[PDB]
Structure formats: structure tokens, C-alpha cells
Amino acid sequence: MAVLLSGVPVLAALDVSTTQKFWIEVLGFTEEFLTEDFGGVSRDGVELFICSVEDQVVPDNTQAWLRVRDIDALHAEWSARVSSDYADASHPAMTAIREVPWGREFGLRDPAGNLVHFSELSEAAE
Amino acid sequence: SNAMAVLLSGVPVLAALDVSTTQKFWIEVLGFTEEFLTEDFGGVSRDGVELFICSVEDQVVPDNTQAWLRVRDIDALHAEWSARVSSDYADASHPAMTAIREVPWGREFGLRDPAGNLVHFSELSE
Ligand SMILES: [Cl-]
Ligand SMILES: [Cl-]
Ligand SMILES: [Cu+2]
Ligand SMILES: [Cu+2]
């Protein structure tokens, strides 16, 4: 029986290596593989890929959602490591946690420009 | 020890100039289940595996956007969709699906949707 198992988002970057370095060293992901054009990282078994692109408009329009358990802990874990000045696009940044219809989440913009939403679902949203 | 956040799962986000048309493809051609739809943002799922679709203004973005989806029984999945998706990948005027090919980590096929996103369906070896 054909069954889908899991999804892996693909982030975009002009510079895959530097973007991957941020996800590993700042955000605490583990390296899976790296090539000039394609990298992979993981944390708690959850995989993320990073692919090279030529145009900055692509990462500036690229998003992913990552579901999390204990979003408050996660935000605290990164708050000394990632700037809260989201309005300044010259560095990576993280928003405050906010309520959304389906739970709570914060946004993190990485050095390549990708916006990743870290989200904790209400049990009613399962 | 103190609380430490855990990542649970990832949700890829595809890009489209036309979210509703792209979402209709994922539902009616690929057999995904609708989660939600708005003008700028839609969501679908299959076997609990979630995929989002977000509006963009520049066709360069979906033409550089990818996702990986892990699967069990890739042959059965490919057979299901061979009834509804063209095998002529080189013709970019329609959505298309490649043959299943051997890769270092298992087997996979690619599927290009009407918005231009490329999604890799992959069955890991072992
Ligand atoms: Cl946004
Ligand atoms: Cl490709
Ligand atoms: Cu925006
Ligand atoms: Cu390509």
C-alpha cells in the first residue's frame, strides 16, 4: 500500500555552505551532507534541505513550517543566539511568539533570507 | 534536567502564481486531502503528511522551489499517478512525472506540478 511518511522542506540560498553553517552552529541542527549546491541538516530526526539558487528573490519568497513541542523553550534556547530585531534584514532574526488560530508560533529568518515558521499546534489542531 | 524543545515534523511550502489551481491539482490529480484554502495560502495532506502552497508574483520562485516527500511503496505510488500525470518530463507545458530512478539513498521520482514546483518522492533503502 502506497503511504506518504514525512516531508522535507527545501530552503533556498545563494550560499548553501554559509546558510548551512548557521543552521548547525547557531540553531543546533546536525549536518547530514554538504555539496556546493545542496546541503542537508536535521534535528530530533526532522530533516531540512538547502539548495543553491542564482536569484535572491527566491529565498526572499521561500518559507517552511516546522512543528515543535515546547515552543517557549525553543524561543528561549535561541533568544541569546538570534537577534529579535526582525525589521533589520541585514542579519538573521526571530520574532516574538504569537497566537495563531491553530496554536502558537514564531518566525525565524535565516541568513539566506528564508522564513521558517516554528509552530506549536493546539491539541484541538492536532 | 530542564525543559528542552523537540522538533516534531516539517511542512514544505510550495510556491505558485495561482494557489487555487495548484491546490486543485494536488487534491484532484494527486489525491491529497484539503486542509484549507485562501487566496494566498492553501494546505493539503495525505497520510498525515502536510504540504502548503503560498502565492508569489514571480515565476522564477516556483521554478526554483523543491520539496522531498518520503514514501513507502514507491512503485505503487508511481502506478497510481501514471494514470493522471504525463511521463513526458521534458515538455514543460504540462505537469509531469519522471520514471523511478536509483539514487545513493534509495529510489525516487520527480514530479513537476502546474505551478512549476519540483517535488521528489523518495523511498529510502535499508
Ligand atoms: Cl510572511
Ligand atoms: Cl532539479
Ligand atoms: Cu513576507
Ligand atoms: Cu532543475
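Hydrogens, waters and symmetry mates play no part in the numbers below; they use all other heavy atoms, side chains included. Convention: sequence-line order gives letters A, B, ...; per-chain numbering from 1.
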- Item | Distance in Å, B:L7 CG paired with A:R69 CZ, rounded so as to fall on 0.5 Å steps | 10.0 Å

- Under 3.5 Å donor-acceptor, A:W65 side chain and B:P12 backbone: no

- Do B:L8 and A:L121 come close enough that some side-chain heavy atom pair is under 4.5 Å? no

- Message: Is the shortest side-chain heavy-atom distance between A:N61 and B:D58 below 4.5 Å?
- Response: no

- Do the ring centers of B:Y89 and B:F109 come within less than 6.0 Å of each other? no

- Message: To the closest 0.5 Å, what do you measure between CZ (A:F22) and CD (A:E25)?
- Response: 11.0 Å

- Item | B:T22 to B:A115 - nearest heavy-atom pair and separation | OG1-CB, 3.4 Å

- Query: If only atom types and distance count, is the side chain of A:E32 paired as donor or acceptor with the main-chain N or O of A:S42 below 3.5 Å?
  - Reply: no

- Any side-chain heavy atom of A:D72 within less than 4.5 Å of one from A:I97? yes

- Message: Let's go through B:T38 and B:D40 carefully: what are the C-alpha distance in whole Å and the side-chain angles of both, what is the deciding distance for side-chain hydrogen bond (donor to acceptor under 3.5 Å, both in side chains) to 0.1 Å, and is it a yes or a no?
- Response: CA-CA 6 Å; B:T38 65; B:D40 289 317; over 6 Å; no

- B:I53 and B:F41, any side-chain heavy atoms less than 4.5 Å apart: no

- Query: A:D110 and A:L27: side-chain contact (heavy atoms from CB on, under 4.5 Å), yes or no, with the steps?
  - Reply: CA-CA 10 Å; A:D110 73 6; A:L27 296 190; over 6 Å; no

- Query: Ignoring hydrogens and geometry, is there a side-chain-to-backbone donor-acceptor pair from A:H75 to A:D70 under 3.5 Å?
  - Reply: no

- Message: Could you walk me through whether A:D85 and A:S83 satisfy the side-chain hydrogen bond (donor to acceptor under 3.5 Å, both in side chains) test, starting with their C-alpha distance in whole Å, then the side-chain angles of each, then the deciding distance to 0.1 Å, before giving a yes or no?
- Response: CA-CA 5 Å; A:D85 193 358; A:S83 175; 5.3 Å; no

- Item | B:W105-A:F33 aromatic ring centre distance below 6.0 Å | no

- What closest approach, in Å, do A:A64 and B:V13 show between heavy atoms, and which atom pair accounts for it? CA-CG2, 3.8 Å

- Query: With side chains defined as the heavy atoms from C-beta onward, is the minimum distance between A:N114 and A:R109 less than 4.5 Å?
  - Reply: no

- To the nearest 0.5 Å, how far apart are OG in B:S9 and CG in A:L66? 8.0 Å

- Query: With a 4.5 Å heavy-atom cut-off, do A:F29 and A:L48 have their side chains touching?
  - Reply: yes

- Could you state the interatomic distance from CD1 (B:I27) to CZ (B:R46), rounded to the nearest 0.5 Å? 13.0 Å

- Salt bridge between A:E47 and B:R70, side-chain N to carboxylate O under 4.0 Å? yes

- Message: Measuring only between side-chain heavy atoms, which start at C-beta, is B:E108 closer than 4.5 Å to B:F121?
- Response: no

- Got A:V16 and A:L34 here, is their nearest side-chain heavy-atom distance under 4.5 Å? yes

- Query: Is there a donor-acceptor contact under 3.5 Å from the side chain of A:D44 to the main chain of A:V46?
  - Reply: no

- Message: Could you go through B:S20 and B:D18, starting from their C-alpha distance and side-chain angles, then the distance that decides it, and tell me whether this counts as side-chain hydrogen bond (donor to acceptor under 3.5 Å, both in side chains)?
- Response: CA-CA 6 Å; B:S20 66; B:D18 184 340; 3.1 Å; yes

- Message: Using the rule side-chain contact (heavy atoms from CB on, under 4.5 Å), only one of B:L124, B:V71, B:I74 pairs with B:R107; which is it?
- Response: B:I74

- Message: Could you check whether B:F52 and B:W26 have their ring centres less than 6.0 Å apart?
- Response: no

